[PDB]
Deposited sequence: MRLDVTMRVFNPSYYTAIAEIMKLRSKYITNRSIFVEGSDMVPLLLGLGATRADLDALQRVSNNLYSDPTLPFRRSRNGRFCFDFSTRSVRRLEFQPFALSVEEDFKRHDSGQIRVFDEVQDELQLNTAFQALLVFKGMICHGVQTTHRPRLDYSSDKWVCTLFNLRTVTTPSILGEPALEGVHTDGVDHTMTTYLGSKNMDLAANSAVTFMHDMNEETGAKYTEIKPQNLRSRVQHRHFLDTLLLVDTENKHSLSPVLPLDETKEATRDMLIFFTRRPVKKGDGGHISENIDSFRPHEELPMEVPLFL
């Protein structure tokens, strides 16, 4: 694949998306536009298919009936030019090989690393920007609405949310909508309080692989509730949420030990 022209054609297109990220500090990419990029990176058509089913095997906690999830820590390592699964750092809800060995999921990680690489952003004082590594915390999350966070940043450098599917979800333009604000919006606000003068744009995932990427230090955001289409049945929404930041600055530090039982490491560049 290091010799495959479609690989480099895909990188060219991703470099164009990266220029737009630089300029706007966020991008929304339609899932139909992500598919050829991910294929070019090495995703198989069977793994794109399997991506739409992996959310069925997320962990169910009875103390959290409105969400099912798995999560894992990855490292974008720009010395080795690769991304690898890291050991658990504070367990039955770890991301499994089913997701992390999926080549389309791996393509998504490569996609994000390629875009965020080299992009100058606001530096959070608690983080170490002289490092050559990033920590990416990935959540595979199914939310469940049975018949509320306000405006915020996630405390990282780059956030990516990729839609995998949903069930009984209304697309009524107020359902699971991500609002994007400039920094002058009040970090507490709900929708009764958000000011139009501070709203940049409004996005809604609806189709497989719809992807939103945002500079978390330079936007604030909020996400409206999932609305059920058939109000009598449950609605679910399946997402991959990637939280990527530089390591914690030393004088609680991040462990960069690879995972022992669930190892994984894909090249970033070929």
(message) As a test: can you identify every run of the deposited sequence that has no C-alpha position in this structure, in order?
(response) 1 to 7, 98 to 115, 173 to 179, 284 to 290
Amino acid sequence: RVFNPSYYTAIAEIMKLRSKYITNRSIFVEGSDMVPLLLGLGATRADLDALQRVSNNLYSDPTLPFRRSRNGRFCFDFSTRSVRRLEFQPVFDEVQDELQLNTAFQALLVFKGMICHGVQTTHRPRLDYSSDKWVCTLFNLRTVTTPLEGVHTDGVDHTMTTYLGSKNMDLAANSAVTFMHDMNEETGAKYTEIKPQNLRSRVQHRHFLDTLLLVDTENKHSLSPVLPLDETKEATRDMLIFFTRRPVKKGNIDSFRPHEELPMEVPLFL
From here on, numbers count along this sequence of modelled residues.
(request) Quick one: say whether 189 to 197 or 72 to 80 has the higher mean Cα B-factor in the deposited entry. (result) 189 to 197
(request) Could you check which stretch, 126 to 134 or 108 to 116, carries the larger mean CA temperature factor in the entry? (result) 126 to 134
(request) In terms of CA temperature factor as recorded, identify the highest of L86, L99, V91, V177. (result) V91
(message) Between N140, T146, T103, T121, which one tops the list for Cα B-factor in this entry?
(response) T146
(request) Grab the CA temperature factor for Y7 from the record and place it in the lowest, middle or highest third of its chain. (result) lowest
(request) Taking the values exactly as deposited, rank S166 by C-alpha B-factor within its chain and report the matching third: lowest, middle or highest. (result) middle
(request) Please rank the C-alpha B-factors of the chain's modelled residues and tell me whether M34 sits in the lowest, middle or highest third. (result) lowest
(message) Quick check for you: using the entry's CA B-factors within this chain, is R202 in the lowest, middle or highest third?
(response) highest
(message) Ranking every modelled residue in this chain by its Cα temperature factor as given in the entry, which third contains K233?
(response) highest
